[PDB]
Each structure stands twice: as C-alpha cells, then as structure tokens.
Amino acid sequence: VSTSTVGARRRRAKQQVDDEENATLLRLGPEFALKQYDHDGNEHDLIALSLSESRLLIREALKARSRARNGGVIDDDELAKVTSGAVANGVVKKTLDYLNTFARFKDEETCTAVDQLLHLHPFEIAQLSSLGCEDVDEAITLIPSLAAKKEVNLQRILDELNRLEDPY
Amino acid sequence: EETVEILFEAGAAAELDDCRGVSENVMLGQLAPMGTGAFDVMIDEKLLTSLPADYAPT
Amino acid sequence: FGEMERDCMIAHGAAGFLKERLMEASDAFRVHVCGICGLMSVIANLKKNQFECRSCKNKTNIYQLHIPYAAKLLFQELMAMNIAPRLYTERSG
Amino acid sequence: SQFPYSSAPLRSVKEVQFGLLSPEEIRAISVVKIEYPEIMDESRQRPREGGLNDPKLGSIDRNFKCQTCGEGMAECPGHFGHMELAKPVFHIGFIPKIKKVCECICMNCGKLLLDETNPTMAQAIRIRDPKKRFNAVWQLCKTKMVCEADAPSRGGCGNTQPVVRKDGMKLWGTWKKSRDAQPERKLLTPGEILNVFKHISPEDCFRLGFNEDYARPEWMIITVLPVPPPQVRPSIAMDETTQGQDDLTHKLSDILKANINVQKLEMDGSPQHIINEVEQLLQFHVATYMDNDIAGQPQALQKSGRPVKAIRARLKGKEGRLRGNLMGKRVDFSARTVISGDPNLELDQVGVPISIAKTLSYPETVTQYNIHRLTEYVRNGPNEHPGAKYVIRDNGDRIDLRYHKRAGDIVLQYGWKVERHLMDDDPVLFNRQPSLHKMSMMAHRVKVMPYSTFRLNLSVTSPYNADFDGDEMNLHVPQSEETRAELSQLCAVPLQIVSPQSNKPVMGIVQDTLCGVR
Amino acid sequence: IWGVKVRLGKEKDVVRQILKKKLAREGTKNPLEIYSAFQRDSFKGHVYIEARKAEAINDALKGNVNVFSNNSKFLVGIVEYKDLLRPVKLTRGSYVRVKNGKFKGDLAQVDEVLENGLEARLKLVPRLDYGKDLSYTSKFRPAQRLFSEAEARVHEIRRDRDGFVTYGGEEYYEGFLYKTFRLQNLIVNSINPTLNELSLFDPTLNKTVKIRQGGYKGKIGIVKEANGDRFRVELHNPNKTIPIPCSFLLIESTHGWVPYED
Amino acid sequence: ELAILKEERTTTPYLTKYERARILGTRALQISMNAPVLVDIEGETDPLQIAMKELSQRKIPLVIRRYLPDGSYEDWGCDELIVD
Amino acid sequence: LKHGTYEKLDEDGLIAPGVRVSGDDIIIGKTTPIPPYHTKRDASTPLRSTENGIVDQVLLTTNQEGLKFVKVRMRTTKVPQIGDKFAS
Amino acid sequence: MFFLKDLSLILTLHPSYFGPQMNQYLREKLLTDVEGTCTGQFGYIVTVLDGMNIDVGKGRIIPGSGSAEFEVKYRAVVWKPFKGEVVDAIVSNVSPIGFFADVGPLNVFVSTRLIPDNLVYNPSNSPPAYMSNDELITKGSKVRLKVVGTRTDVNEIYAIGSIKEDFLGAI
Amino acid sequence: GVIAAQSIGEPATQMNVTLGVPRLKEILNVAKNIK
DNA sequence: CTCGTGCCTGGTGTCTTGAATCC
DNA sequence: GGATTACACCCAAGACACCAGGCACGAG
RNA sequence: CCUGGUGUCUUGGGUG
Ligand SMILES: [Mg+2]
Ligand SMILES: [Zn+2]
Ligand SMILES: [Zn+2]
Ligand SMILES: [Zn+2]
C-alpha cells in the first residue's frame, strides 16, 4: 500500500541475518538504515526521537492543524479530538496520555536545554535520553552497548537530567 | 526465427530484457512507447486554480 | 487480427488502439506477482483479503498485473521446462 | 472493470528477468507432491489426491472451487506441483552447453583452466558481453588438454582432461591415460556431473558467464520436475460422455510410471545391465516431454501412430503460442462480408448492413447530456433499431435486455454504461487482407443501409487493391472513447489521400467516372 | 551366462525354442553347446543363456524371429549369477485390495484361506441393490454400504445363523459380504489406504398464430418470444421473424382462431 | 533531477499529430465520466465535440510530459503549445 | 439442455416433414445416460444457426450394427440478391 | 520507539474530483487513510508532519481509464517497537497467565514463566495487585520490561515481554 | 521504420544483369557470391 | 448338475523389414 | 547435418489392438 | 429466480 524511498531489495547470493531487529545489536532493518534519503535524494541521518522531543512536535502539529481547521483561531484530552474517526481518536489519545505519564521534561524551556546538552551513533544518543538512569552502573547494564566505548561523561549526563527533572 | 533456441539460450545466460521495444510491450499488452504512447499526460493543477470556487472538491 | 494488421497500426502510430484490441477486446487477464522474486506464485484469496508468496514469506510487497491470458499460459509452459520468467515492475540499470 | 476489486497496487511490467528454477525454489512454489500415475480414485468420481488431477492444482470445472485460493475457475490461475525424480537426468535443451562446460573446467575439482597471468586470456575476461566472454574463454582453454595441478598451485588436481563427445542423450568422455597406450572412455552419467558442478566456486561461476542468483550451472540438470496445473493440459470430450487426455497428461503418466520402476530396482533384483535400460528410458521420456524433435533418433509416438506434441512444438511455427496467439490472435467486435461499390456515398463512408449493425455494439457512458437520448434506446430493446443490448453498472453486472421482461422499470444512473447499437457517423476501422501497407487499414464513418454487402465509395478501391468480384473485407469497432478519437484524428480516410511511399496520391477518379469525365 | 534382448512378451517363447533346438541336436555332430536358458518376469525383454563360448549364443538364436538381429548380447558377471535366479505374504485379519470384479479396488479383510491354498475368504463392504431392477460390472456397479437384512426382508433372503444371511446366493455376516477370491486376485503389497478408508475402518408461446390486421394479415406464424406487448412471431412465409403488437394476433384453440379472450 | 527547467526547453513548440490525438481522446474520456467542463456547451453535446471545442479555445487543463531518449523530460502545458 | 425450442419434435423424437425450422431449433432429440434418478444428458442436433427452410423428408432405418439411424433433409429456396455471384 | 519517516502513498483520483481545490481534497484524503493505521514495515503511523503544506507533485493519467494517479510524498511521526528495547508501561489487565500492558497504541503480554516467583498475584487485596513490601503494581504503576520478541500480523503487531531479568520490574 | 519496410516491399509484390525479385534477394541476404 | 467352450469386456502395451536449394 | 519457403477465409470428411480372464449357456 | 457447456488433430477440395 504505502511505500518509501528505499526500494528494490532484489535477491542476493549471500543471505543476511543482520536484518532481525535487535536494538542491542543496532539492527533496525532495511527501512531504518543509518543513512536514509529524503524525497529529493539528499542524504540524511536517521531521525530517532526521544520522549521529550516527540511530545513537543506532535502536540504542536495537532494544534497548528486545529487552528488551521478553524481558519486561524494545553490539555491532552482536548487535543486528541482533532482527529477524524473513532479509530484515529483512540491511538492518538492513548499516545499523548502515555507520554503525559512518562515524559520528564514536559515543556520546551527544559527540553531545549536537554536538546543542546545532547546535541557516536545516532541511535545510542537517542536511547540515553529515553531511559532514565541514576548512576553509570545502571546505564551499561540495561543498555549493554555502552560498555566498550571508553567515553563516559555519563555521570554529568545523568546529573543534568536529574537536576533539570522537576519534583513530583 | 529460432524461437525456442533463443529462449533456452536466454535462460542459461540470465538475459535482462529492458522492455523498450514495440514488440515486447505489444505481447505483454501494455501501451507501447510509440505514437500516442510516446509520452505521458499530466494534470495541470496550476491551471485548475483559475476556475471559480463552487467547482471545488469537498 | 494477424501479424500484418499489427504492423499497419504501428505505421499509423495508433498505439492506444492496438493495446485495447489485443487486451480488453480479447483475452485480458489479471495476475498477481511477488515483488521480491517476480514469479506468479502468489496465492490470493480475495474474499479473505490475504495474500502470500510462500517462498519469499512476503505478505506486503505484492503487485497485480494486466496481461494477456495467452501470455500467462506461455509463462506457465516455460516454468514447466525449468525456465524462470521473472516479471519486475521497476528498473535498476 | 471485469476484474473484481483488489487492494494490491496495479503496476505495469518494466523488465523480464529470465533464468533457471532451482530445485529448492520448485518445491517452495509447489502445493503438492505427485506420486501416483492413476488419475482416478477408483473410477468412482472425485480424482485421487497425489494424482495428476489432484484438486489442489486447480479447477477446470465450473462447480468445484480451488482448494488453495477459493476463487472460481475463471479467476484461478492454477498452481504448480512437483515430481521428485529418483535419479537426476539431463535437460534435453542444455546438453550442447553442458558439453562446452566440461572442456572448460577440471573434471575433478571444477576450476577454470586459465588465469589472468596469461596475457591474451586477461584480455578475454574484459569482454563485457557474457556470451562472447564465455566463448572467448572456451576458445583459449579448448587446446589446454590437461588440468594443471601447478600454475603454468592453482587448486588443480593434475588430471588430464577427456575429449567429451555427444552420442544422442549420452555423453562419452575419452581420457588419455599416461607413448600411445589404451584409453578407456566411460559414460559420464548425469549424477556424476551433478556433484562436480556443485563444487564450482562463485568466482569461477561468474567467469563462465553464468550468474550466481539466476542461472547457477548445476540447475541445468533436472532433479525435480514442475507439474503444470490443468489449465496447461485441459481435457476435451470427443463425443460428449467420452473424454481423452492431453498429450502432456499421457506423457506425464509415462514419466511417473517410469519413475516408480527406478525406485523398484535399487532395493532388490538389479542385474546392472537392467539398471542402464531403465534409467536411460527415464531420460528418454523426460527428453521427449520437452522436445520431441531430437535429431538422430526416432520420435516418441502416440498409440494412434502420430508423434507426441511436445512443449517445444507448442511454441514454434505458425500455429504455436507465439506466432499464433501472441503476435496475432482472434478478436471480438469484428465482422466480414462481400463488398459492393456505391458512387453515392462520401469518400470516408462505409455502408454497413442492418443485421451487422444490430450485432456489433459500442459501450457509451451515460452523462447528463445524453441520459434522455439513451433511455429511448433502452425501451426499443435489442430487436428494434435504433436500440441497445446491455446496461452495465459500475460493479460490472450486465443486464441482458433479451430476457428482461421489466425493461420499462430501468432508470439509468450517471456513470453506468449502455451498449447501444452501431449508429450513423460512428468511426470504424476497415481492412482487407493481405495488409501490404498502411492504407490497408483506414477509418470510415458508418452509414447503416439495407442489404448484406459492405458499401464503399468507388475511389477507395485502389489503396485497398479491392474490387467487387467476390472480395471480402473486415470491419473492427473500437470499444472506448480514447480509440474513437485516435481513429478519427490519425487513421481517417482524408488524412491518407497522399501516401509517404512516393509523395503523391494513392486515390483518384477511376473507371466509369474517369472514362466519363474525359 | 549371456543376456540377450528379445521382443517384449516373447521371452518364454525364446526359452522354449532354445530347448527344442538343444534336444533336437543332442548326440549329433553339431550339438547346440548351451547348458540352459531362462527368462525372468521381472526382467522384461531379456533371455539369459548359459554356455562356454559366445558362438554358441549366436547358434542358439540363429533364425529366431523373436530376437533382435543387432549383435546385442551382453556378458553377466559370476558375482551377478545367483541374483538372476532369486525366486522372490497374506495373513488372516490383515487388509488386501481386490483386483477383479465389482469389488475391484476395494479394501477387504482377509478372513481365511482354503485348505489347498489358492482362494481366500474376504470380508467386504457390499455393493447391492436388493433386487431393485431385476427381471453386474465394475463400471456400472452400486455404491458400497453394509448389508441391511431388514431392507432385504422388506424389498426382496435366508437366515443362516446369528447375524448371518444368505442373500442372492452370497453370504453376509453382520453387514459384510464374505466371499472367496483367488489369492492371485488380491493385492497384498504396498497398499495405500484412502481418505475414505481411514474414515471408515405466458401461455401463448410456441402456439400457432394468425395475423388479422396490418400488412401481414392472414399469415401463419409461431410465437418465438413474448416479453411484453410486442411479440416476436416467426412468420412462415418469408424467412423473417417480426416484432408485432398483441392487438394484431389471432391464436388457434379448440375451435378456430380466437381473439384475446383465450 | 530529470526535469528540464522552463527556460531551457528545446523540443518543438508545435503540437504534433500524435500529441493532439492523445489529448483529444483523454479529455473526451474525462468529460464522459463527468469531469467539470471549462467551456460553454451549446448545441454540440458529443464528448469528442466538447473536447475539440476546448482545444480550439486553448482551455484544456493538461500537461504533456515529453520523454527524451535518455529518460529526461520536458513538461509542456497544452495551454502554451501552438496548435495549427 | 440446449437453449433452443423443442416444441417441433413429435413423440418419436423426430420432426415431421412440412414444418418450417429456423436456426438453433432442435430437429433430432437424443439423450445419453450419465454413469453413476435424473440420469441423462442431451445429445441433440440443432439446425445450423445461419439457416432456415422447411423439413422435406425424414428417413428412418437401422445401420449395420442394428441401432436406429435417421436422416433429415431440409430444403429452402435461395433468391438472387445484392452480393450474389454470377459469371459468363 | 519513535522515528520520523519520509513516506509516500499512491492515490488514485476519479476524474469527477478535478476541481480547483483538488490538492486540499487530497490532503484530507491522505490523512483519513494513513493516520492511526499500522504496518509491520514501519509500525504505527501516529501523526503526519506539515499536512496542510504537502507538495503532491503532478498526477499521472492512467491510459484507458481516465483516472489520475498522484504520488503524495510526505513526512510522518511513526511508532514501531523493537525486540531488545527496554521500555516502561502501564498495566491494563492482570490475569493468572501474566499481565497486559498498554504501551501507547498497543498491548504487550508477559507470560508467567518469565515472571519472578516472589511476585504473587493477590486477588483478595482491594484493589487487586501484584504486591511486595515496598513494591506496588496497581493499574498505572511504572514498571520496566524488555521486549524479547516481535510477531507481525501486518494489521497490528504483537510483542511479548519479560520481567525475568535484572533491574526490570516496578520502580 | 515500419513505413520504410512497407514502402520498399509493396512495389516488389508487383514486379544482361539480374533484376527484379532474384536480385533484391541477393542484397538483403548479402550473399558472398552473387549471380 | 457339472464341465467345457465361446464370447465379451477390461487392461496393458509394438515392430515382418520398407524435394530442393542455400548458409 | 537443419531451417526456409504469402496471407486470410470457407466447407466436408474421420478416430487403438491384442490377449487373457471370467461368466454364461449348452450339452452330456 | 437469477447463471447457463459441445471437441479436437489432420487431410483433402475451394475463395481473393
Ligand atoms: Mg478480387
Ligand atoms: Zn516471491
Ligand atoms: Zn487456485
Ligand atoms: Zn581437480
């Protein structure tokens, strides 16, 4: 039905088992290669999004479109009624509410601070932001790929994440 | 001519047929790149905008 | 509609007319192909709306074609003699 | 439109990739294994599973749905089976190429007898065309009469190579054992050659002009036979309740019987000289199943005495699949009758008999501008002219107006189609055989007339090389809005007055009118 | 031992002919110097001949019209001799497939064998009609169904024992036919049970019409099609079928041509 | 990429007989499927006639994509091509 | 069964002389039984689709094998018209 | 796991829709057909970016049928989960065979043989929960699980989790 | 292309050096030994 | 009543030796 | 040693054999 | 109360 920029995938003599999606082994399949191409043929890094980025973009896109539907005229339950159809109403409401209960940095002030702090494979950089951690010991266990990289700063990463983190 | 021999030989040497000939497309029943089929026809979205607004798709 | 009548329509450049004569006005047939291996090996249940090329384990990259029935017949006779005619819908160079 | 809706995207064919079917792939697309030559269960209706008419292969009967795709016989393409061979046999089409490969490679390990160190040979691998490269290589290596273990180690085995000769369906290799001594030529069985071919390296596979993904060289030996569905070999009823089988059906039974007897040998009484007679016979049946015009040996015969119609003979010649059904074919919406002249018709008109005009039709789409006009045709029905034969809905269901007794209760919706009778000024393509040049096919405007001949204005007899001594001509009716416009704007008679053949007219004033005008 | 190719089906004849030649020449100055000859059914189209010199093989076959004239004889190895002469089941309670008669192809249980050892009593699902059309072949037989003695009682029978009836001179015990077959008439090897065995074990059309008004008044015809109001009469007089309104017709009935009161 | 800019178009500025026939037929077809017609329809109600009327007034809303041998192409609108 | 009319056959399965026939009308009714009621299959002969005329004469007899055997001769009259061919 | 993907959809347009607001109709048409749907190749398509400004290109007219074919290139927010990815969740159901957890659009099933023995299902408690002493798994409790297997139905995808490993569970 | 083929073939169908059809045949068949 | 012979149906399987030019 | 040898169309005129086994009928 | 299948392979004689 719907297709992408990546095409053909004609048969090759040697098979491959670096295709099976394994986040531990950095296998994201043929569609989510490290170097993608946009609809003009230009080269582009894979766009993986943390929970904090994603909350701003999706909410902005929905209210800008909602304003556009109103000729140019906050709460998650109100923002999800913009969609068309009960099937669409469901997936969008559940995604905001899920993000509403797990996004630490729920505003653009803190988020841009986290944005500048983080901006080396692009997938790992996005993983560190999504999974909250206390110490260096907790990060290399649950995410065993950070082992043999020999470039920490990790502690100051976690300290800034936890300091920017508002109380609850 | 040499109909079957061509096709056996074509198999054994994995020939690729790029379907640019008239005869290729005729026997596969597709519009051949000749005469009225030598070009594509596109819809002029720019010229449609000069029509009045009550003709609009909803 | 013999070989010599085919040539006359080419000379007139009436490509559209020639296509219709040899398909819609005769033995037009719809086949399904696998986007990976290019064979007519798709098993298509249209009321259940489920398609599968078992060889490629592929249920998503599948296309339909309009070809003459006598061409479909030709390819099955070629398959029976171990010749693989793979129909791809895109070029690559 | 005659096809039910399917969500799969519609595309056209841009490339045809030829190649060979691997043994593994044949099994992957097969839906059943074929073992028993008895077609019927026990002559008590319903054909035997695992037999040659196993219902999983498909339906050629209007009342049994396919047990694989669920579709009716019209849509169901048929699905292949497979037949395992007890012993690998040669493909009859590829023997002379197999023979060529033997002189190129080592008959022990299978490596190309020459390297890039040889200057002329290094030039030959650069040749871009696979066929010419393969021939250029073989032209060099032909005279190399020993596979060297050592470079001129290259991976060689040191053995001298035989001179392989073809003797019918058998290949004989004569090895020169190390002046002159005694050489012993033994038979090079398919199984022996099969194992040798699988050990050819990928790098030498490419250099031989073969292709690792599409035409791998051991696939020229047949180990499992694809069983075509019944659509390829339909049954026919000679005198209603008596049906004979297609030549392929009988021939597949013979291969299947012969296959069982090879299994019947290796487990008990094999006097060796019997194994060679039974294996060669399996090779024979598989060969004449594909090609029954093998030079130098008698043809396989039916019990009627006439030769078996092999697959190769199905495709060649004037009546075969290519010249008889694909480069040309029989077509709908055509008509033919004797022609007569009429001076009181315009140059671009053709007089069409009423009876022909009621049989042919054009599917005119219903719009706001003609809906009132088209309803009048519907009330008149198929037997009064000007009338109509069918009303086609957007779903495709046709209403046959011969049998619709409540014809007065039809209301037409926009977008439907009415197949109305042929009517005045419709363009049609007119044609006389033999079509020697492009003005053998010109578009004329219909004028419906009584009596059963086609009428031509006399000045068009010359380009058709027609006269009225018994000649017949053909009429073809375009079936859509796009082709009507193509006929009137490209093929119409007045556009054809001057021909590019000799930059001069091909029509003039003729016969009576020319005599009289002087 | 040499093998020789012979016309299919003529192997026994060639063995016979060789024996006659041998016996006829015994003790003469030109004896046939072969020891034996034989033909194995499993080895179609071959005869084997025992001798010391190849010339004796040619001598044995000279003039034999069943032998291929091509110099096709072949030598057998000593290590292959005994296998040429290898001579080669059936147990009560086991299944076999019948090879002859209306029960051809049917699965049957072996009930017992004759004392002499030739025919075996088989237990079979019957194919009967209960004498329904009496005043059989394998192509015009009946479906299989267990014998029903009450159906036989109703429709057409001798009781012999508990659950045993003789019906039309065949024996049925607990619904099964018990019938003797030659052992050579049953298949005991490589039987494949089937799926089925696993389950078991307008009133004026076409009437003649006269036309009473119009240009065709007085002509005979037949109503070919009567969709509504407009009829299709196949006129007799010219080879044409016309469209005509219903007011114009007279129909034939018991008494003359009657208007639209029929 | 393949598309050639408007200022650098090199193919002939006259409508060819083949382009004309395809344009008339395609536009005719669309009208019979009840596409909005861009000219006044008076007495001439045949699908082909309406399409021929639109052509004569330079009002057919279609673009010709003329393929060149290498695969590149120039898009020409039927509003700008000169019809004899 | 065939699509044409069976109403011109008499009870003996044969049409009688003097009856006009048109295309696809059945003139000889014959059945064949279906092997293993409602057991037979039609094997009847229709008049050629392009013809008409009058049944002129019907021969009934038996052949060398003893089964029944019929011939039906149809006559019509052809009147010259536009398109017919003539020669000195 | 969220990504931004540049996608495209082939749209066929009937000729009766050839009016001055054609593009705006197509923009509405794209959104109705794509938003909220799932595919095994990309995952759930959550929202499309910059919907009212998408450049649809030019439509190819299909020979012989009159209808027009647009290739609408676009950019969307997509959500696909992955095997090996550790994620948080909100439990939707608790049953004798494990629990079901809503991670945004879909639901993940964790079976009993991959749950530690000390977490005991307690129906008598009010409200029902998986309980310990300093642990509390009620509906809405943050839990940390790891996706160990993805199965594809091409309509909705199904992922199976596990809490049979270190540092996974309630927090 | 096709126009060229018909333009040359059609006159041939109605038609001491060799001329007419036998000479035409020598050309297309580019015979090494002409008559 | 039993045995033998003839006819019909079904199943399986081949073989005495006997038009001309061109590439 | 094969492959090449105009196009389309109409219509009338034809079809497995031999051997073995089983069943039925007639005669003794 | 809608759907609705009648053969093939040759050979020979003809038409332009
Ligand atoms: Mg003439
Ligand atoms: Zn595939
Ligand atoms: Zn099927
Ligand atoms: Zn070697």
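How many percent of all Cα-Cα pairs in the protein assembly as shown sit more than 69 Å apart? That tail contains 27 percent of the Cα-Cα pairs.
I'd like the orientation of helix F:17-32 relative to chain F: the angle between its Cα long axis and the longest Cα principal axis, in ° from 0 to 90, rounded to 10. That helix lies at roughly 40 degrees to the long axis. Positive-end ranking of A:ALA13, A:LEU34, A:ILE47 along the dipole of the range A:1-48, with charges on Cβ about the Cα centre, is headed by A:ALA13. P(r) tail for the range E:90-201, what percent of Cα pairs lie past 18 Å? It works out to 52 percent of all Cα pairs. The alpha-carbon of D:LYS318 sits under 21 angstrom from the alpha-carbons of these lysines, leaving out residues fewer than 8 places away in its chain: C:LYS72, D:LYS309, D:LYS329. Under a 5 Å amide H cut-off, with hydrogens placed 1.01 Å from N, D:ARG46 pairs with nothing among residues at least 5 apart or on other chains. Backbone geometry of the range D:22-30 corresponds, through the Karplus equation with coefficients 6.51, -1.76 and 1.60 at θ = phi - 60°, to 3J(HN,Hα) couplings of 5, x, 4, 5, 4, 6, 5, 8, 6 Hz, x marking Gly and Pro.
The packing ranking, built from the mean of other Cβ atoms within 10 Å per residue, places the peptides H:48-56, H:6-14 in the order H:6-14, H:48-56, highest first. Peptide C:54-66 has a mean shielding of 5, counted as Cβ atoms of other protein chains within 10 Å of each residue's Cβ. Within the range E:202-261, the percentage of alpha carbon pairs spaced more than 18 angstrom apart rounds to 22%.
In chain H, Cα pairs under 8 Å separated by at least six residues give a relative contact order of 22 percent.
Projecting the Cα atoms of I:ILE3, D:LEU114, D:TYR36 onto the charge dipole of the protein assembly as shown (Cβ charges, centred on the Cα centre) puts D:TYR36 farthest toward the positive pole.
This model, with +1 at the C-beta of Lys and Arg and -1 at the C-beta of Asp and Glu, gives the protein assembly as shown a dipole about its Cα centre of some 6960 debye.
Positive end of the charge dipole of the protein assembly as shown (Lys, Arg +1 and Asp, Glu -1 on Cβ, about the Cα centre): tell me which of A:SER66, A:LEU99, E:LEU90 has its Cα farthest that way. So the residue furthest toward the plus end is E:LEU90. Among the residues of D:330-339, the average count of other protein chain beta-carbon atoms within 10 Å of the residue beta-carbon is 3. Between the range D:8-60 and the range D:110-135, the C-alpha centres lie 41 angstrom from each other. Can you spot the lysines whose alpha carbon is less than 22 Å from D:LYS358's alpha carbon? Ignore those fewer than 8 places along the same chain. Correct list for D:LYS358: D:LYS389, D:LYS405, D:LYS417, D:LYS447, E:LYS224, E:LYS240. In the range C:6-56, the alpha-carbon atoms span a convex hull of 121 Å³ per residue. Residues whose amide H lies under 5 Å from that of C:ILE62, counting only those 5 or more places away or on a different chain, are C:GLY35; hydrogens are built 1.01 Å from N in the peptide plane.
Is the shape of the range A:1-48 rounded, prolate or oblate, going by the alpha carbon gyration tensor and its root eigenvalues a ≥ b ≥ c, with a/c under 1.5 for rounded and a/b larger than b/c for prolate?
Note, shape of the range A:1-48 comes out oblate.
Averaged over the residues of D:489-500, the number of partner chain Cβ atoms lying within 10 Å of the residue Cβ comes to 4.
When the listed pairs G:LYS8/G:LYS71; A:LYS93/H:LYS80; C:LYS48/H:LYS5; D:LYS438/F:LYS17; A:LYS150/H:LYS164 are checked against a 20 Å cut-off, the alpha-carbon distance exceeds it for C:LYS48/H:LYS5; A:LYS150/H:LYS164. In summary, the convex hull built on the alpha carbon positions of the range D:282-385 has an orientation-averaged projected area of 14.9 nm². For the residue pairs D:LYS257/E:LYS102; D:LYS97/D:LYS170; E:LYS12/E:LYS104; E:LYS102/E:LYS139; E:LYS99/E:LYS179; E:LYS21/E:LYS53, alpha carbon separations beyond 19 Å are given by D:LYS257/E:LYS102; E:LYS12/E:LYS104. Considering only Cα atoms, the convex hull volume of chain C works out to 150 Å³ per residue.
Modelled spin-label separation between E:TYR260 and H:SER124, with each label point placed 7 Å from Cα along the Cα-to-Cβ direction: 9.3 nm. The calculated P(r) of chain D, using every Cα pair and 10 Å bins from 0, goes 3, 12, 17, 16, 16, 15, 11, 7, 3, 0, 0 in percent. For chain E, the alpha-carbon coordinates run over 112, 63, 35 Å along the three principal axes, in decreasing order. Phi angles across the range D:223-235 convert, under the Karplus curve 6.51 cos²θ - 1.76 cosθ + 1.60 with θ = phi - 60°, into 3J(HN,Hα) values of 10, 9, 9, x, 9, x, x, x, 4, 7, 9, x, 7 Hz, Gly and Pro given as x. Between the range H:18-54 and the range D:372-403, the alpha-carbon centres lie 42 Å apart. In this simple spin-label approximation, D:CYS157 and F:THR45 carry label points 7 Å from Cα along the Cα→Cβ vector, and these lie 8.7 nm apart.
What is the sum of charges around C:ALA14, taking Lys and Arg as +1, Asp and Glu as -1, for the other residues whose C-beta is under 14 Å from the C-beta of C:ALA14?
So the surrounding residues net to +2.
Residues whose amide H falls under 5 Å from that of G:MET74, counting only those 5 or more places apart or on a different chain, are G:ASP56, with hydrogens built in the peptide plane. Coordinate range of the alpha-carbon atoms in the range H:11-65 per principal axis, descending: 35, 25, 17 Å. At 37 °C and a viscosity of 0.692 mPa s, what translational diffusion coefficient does Stokes-Einstein give for chain A, taking Rh as the Kirkwood radius over Cα pairs? Give it in µm²/s as a whole number. Result for D is 172 µm²/s. Listing I:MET15, C:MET40 from fewest to most neighbouring C-beta atoms within 10 Å gives I:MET15, C:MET40. With one equal scatterer per alpha carbon and no solvent term, the Debye-computed log10 I(q)/I(0) for chain F at 0.24, 0.27 1/Å reads -1.15, -1.36. Each part gets one Cα centre, and for the range G:1-67 versus the range A:90-114 those centres are 86 Å apart. Listed from fewest to most Cβ neighbours within 10 Å, the set C:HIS32, A:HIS119, D:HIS437 follows the order A:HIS119, C:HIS32, D:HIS437. Taking the square roots of five times each eigenvalue of the Cα gyration tensor of chain H, the equivalent ellipsoid has semi-axes of 46, 14, 13 Å, listed largest first.
Only helices enter this figure: runs of n ≥ 4 DSSP H residues, each worth -39500 (n - 2.57), summed and divided by the residues of chain D, yield -6500 deg cm²/dmol at 222 nm to the nearest 500.
A short reminder: the numbers here are calculations on the coordinates, not readings from a lab. Cβ atoms come from the backbone with ideal geometry, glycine included; neighbour counts cover every protein chain shown.
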